[PDB]
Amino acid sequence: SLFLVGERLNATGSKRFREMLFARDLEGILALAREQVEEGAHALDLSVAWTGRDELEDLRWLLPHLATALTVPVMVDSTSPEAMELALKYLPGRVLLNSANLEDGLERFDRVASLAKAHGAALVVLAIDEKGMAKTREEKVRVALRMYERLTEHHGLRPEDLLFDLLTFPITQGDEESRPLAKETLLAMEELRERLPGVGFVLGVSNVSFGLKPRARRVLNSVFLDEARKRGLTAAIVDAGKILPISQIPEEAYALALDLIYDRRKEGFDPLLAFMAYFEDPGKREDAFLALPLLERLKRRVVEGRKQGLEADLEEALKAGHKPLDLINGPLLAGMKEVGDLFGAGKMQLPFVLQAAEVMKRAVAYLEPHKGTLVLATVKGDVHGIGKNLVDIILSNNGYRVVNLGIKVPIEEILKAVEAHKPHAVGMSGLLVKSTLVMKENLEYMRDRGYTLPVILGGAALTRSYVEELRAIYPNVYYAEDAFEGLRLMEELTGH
């Protein structure tokens, strides 16, 4: 076996741990810890970061009790090195620091590495640098080799004390950008095992499968964990519970998982859709679709995501004298809204949602030719691009114009693009906890400059309560818990 690291002592991540931390329930925490150890964990990932709380106070209370009471080492998961500094003092024995990246240059990287060197801790090294996330095999190797040279020579850390996180992206939303990102980590890990013998590799294996039903997640995580092990993986941040042995995985579900991990596309074979097909017949439902009356058949094109002969159905409508506005605002919008309903309820998964959007892209393409504007950015010091990109796709394919500023965007650059495009709203994403502070700060500035424009903050880490606290600063803020609340809020603020 591998050095498993337990993922449930996470305030943002785990709902149980969140509550227990907030209620100061030491014995409950310690139970969840021992539970994970029992399920196979060799160490534990502590993250007590959460919106509107002092991480350092929570740590000052919990760390002393854990030190006397835990069998396994702790992995300190904090963006703040101050937290890291504190923890190394309140937790003797073996330690692992989680992160050490070059996202914001050599200051925080060298800070964390010299901490690790001083207090004999292991280091996780994420492949994020000054130009962003290492998404390809070439990028991962380039960044990794730089960090290795730097930790081993400048900081004098031993290779054995370093765990490279070459980054686990979800491959379980439709987007063609994400298709090969699991493969690219895998092929990089193999390359770096050869180039850098001595070094650990760690992955947040659960990420590969984010935005899937727990049945399909367990499987995909397990298969991916295994492929990783065979390419150099030494450690893994997982739910010790939600991991099957490869033995307990049917040969079909196995082969499909592999097709998705390695992006094994062919004419008429979508890995992701096929893997989802399992876990939710074959010849029978096909015929049922063709039987539908066109009013509901055009609505089911949007809902099921059938762009296979969609141009043919869209003529039969216009041959009944139905106006192209009537088809867009009636059946095709009814379908889209229902995908919004289904996703907001938590029934539909993302890939079908994106094919829904792509059908409304191809439907407007045939009907209209022969709505408003949103300036969207991810805030300073946050590289989480995927959530915003989803919002881009949804609004784009429902008629809104989206100005996508990319990531790490400072308020000055946003307002520069507000002044140029005069949008109906500003969208700011950010999934990290410190990003919520950057949003507070930005609103303070926009209040200073005398703006009254709607600002939608869609970063996950956003208690509606804090958003109410932010209304004291800037009155026209909105929280979008999901990308669809985005589309609803753009409809309300333009009059649709």
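Residue indices: 1-based, along the sequence shown.
- The gap between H370 and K371 holds 4 to 9 unmodelled residues of the deposited sequence.
- Unmodelled stretch separating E280 from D281: 4 to 9 residues (count of deposited-sequence residues without coordinates).
- Here 438-446 and 22-30 are compared by their mean Cα B-factor, and 22-30 comes out higher.
- Once the C-alpha B-factors are averaged per stretch, 341-349 and 165-173 rank with 341-349 first.
- When the C-alpha B-factors of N98, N207, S222, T71 are ranked from the entry, the top spot goes to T71.
- In the PDB entry, the Cα temperature factor peaks, among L294, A255, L233, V426, at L294.
- Sort the modelled residues of the chain by CA B factor and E190 lands in the lowest third.
- When the modelled residues of the chain are ordered by C-alpha B-factor, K135 sits in the lowest third.
- Per the PDB record, residue ranking by Cα B-factor puts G105 in the lowest third of the chain.
- When the modelled residues of the chain are ordered by C-alpha B-factor, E358 sits in the middle third.
- Ranked by C-alpha B-factor against the other modelled residues of its chain, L415 falls in the middle third.
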